[PDB]
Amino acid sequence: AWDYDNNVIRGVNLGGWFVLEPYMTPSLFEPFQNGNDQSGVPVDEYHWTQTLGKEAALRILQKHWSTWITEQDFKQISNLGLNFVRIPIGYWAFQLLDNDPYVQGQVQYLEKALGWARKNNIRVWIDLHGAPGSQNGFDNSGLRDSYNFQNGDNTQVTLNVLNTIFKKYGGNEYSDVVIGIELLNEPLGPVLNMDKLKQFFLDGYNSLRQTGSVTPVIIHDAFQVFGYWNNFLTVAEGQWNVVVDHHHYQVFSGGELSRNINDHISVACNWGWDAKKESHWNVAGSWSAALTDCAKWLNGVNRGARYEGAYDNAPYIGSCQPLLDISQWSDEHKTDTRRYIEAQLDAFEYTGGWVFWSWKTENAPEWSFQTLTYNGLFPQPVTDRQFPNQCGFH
């Protein structure tokens, strides 16, 4: 269903759909606020569902699931010359731990989406975005500020969920649609046991193949250096159809945020040069147009932006408020954004392709393929170049 040797992925994530992210759907979190005090807002889907309780959470999520992405989005994704979607889903869609506050029902909509993908000749990765106990302590794992994925029975539960995913989506029924199953989104390498993570990846790989599935196995790079995974899951060991998913941003530290636009572009180009040297098929499965961390709650509920010196003892670089609405952007920022998007596109198409994060947000333009396209900052068609050949790939 996909030729990873001869095809380039041009895709978007369907983020914020099956795993709530405050910065992507702030309207679901804002009502908990008391005036300007944010201390009472649930920081993640875990706490959101827990505070709401099952009945309300299910009501509110059913409205969200049935409206946030529909078949019209898939048609538009297709119309825009995109050929791919990555679909994040949390473990809780498939299995609840004892005492999990999460509500279920995502599977219904995942399967609707696979059909919509099929109707529109769009291919899919199914991405396990959140693991029990959390693999990274990010709010987008479902559970912020803890990472107990490798503690207790959390790894085993994760593998059990993957086996469920493998059986339902790794087999013949979806062989024309699903061109990858991603074992685990963004395990936070630096705080995990990497030997245990490798064993987990290998267990996932073996289990999938053991079902008779030939679906590509997608492993996130765990924030390791380029080439780190070169010697893992290799053809030499009879391990095949493996893709490395690299994520790329330049906004999550003061140092990165301080780069001028030329330096930002140089970094993006070098992502390409480095990816090219790797020995697995690889795709930039998340990246965006963001040159700031200004989107409300991007760093989490009740956390400010490093860009304006309002988070993690970071110092002021610039004001975020003028950057919140794309209609108020300076000509310089619009130009910087288009250059940055084009440089990243070139870099990522230099290997397996790219998957923008994300298709849509309520009101965070840096993070919305739709919004950037509508404002002429994301090339349309995606091959368009206002700033051709910023990288000089050979």
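Sequential numbering from 1, following the sequence displayed.
- Look at the mean CA B-factor for 249-257 and for 80-88 in the entry; the higher one is 249-257.
- For the segment pair 305-313 and 103-111, the entry gives 305-313 the higher mean B-factor, averaged over Cα atoms.
- Take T158, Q224, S134, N120 and read off each C-alpha B-factor from the entry; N120 has the highest.
- When the C-alpha B factors of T337, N363, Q344, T70 are read from the deposited coordinates, the top value falls at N363.
- Among the modelled residues of its chain, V43 has a C-alpha B-factor that falls in the lowest third, as given in the PDB entry.
- Remark: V355 belongs to the lowest third of its chain, ranked by C-alpha B-factor as recorded.
- Per the deposited record, the Cα B-factor of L208 falls in the middle third when ranked against the other modelled residues of its chain.
- Residue-level temperature factors show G15 in the lowest third of its chain, judged at the C-alpha atom.
- Sort the chain's modelled residues by C-alpha temperature factor and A56 lands in the highest third, per the entry.
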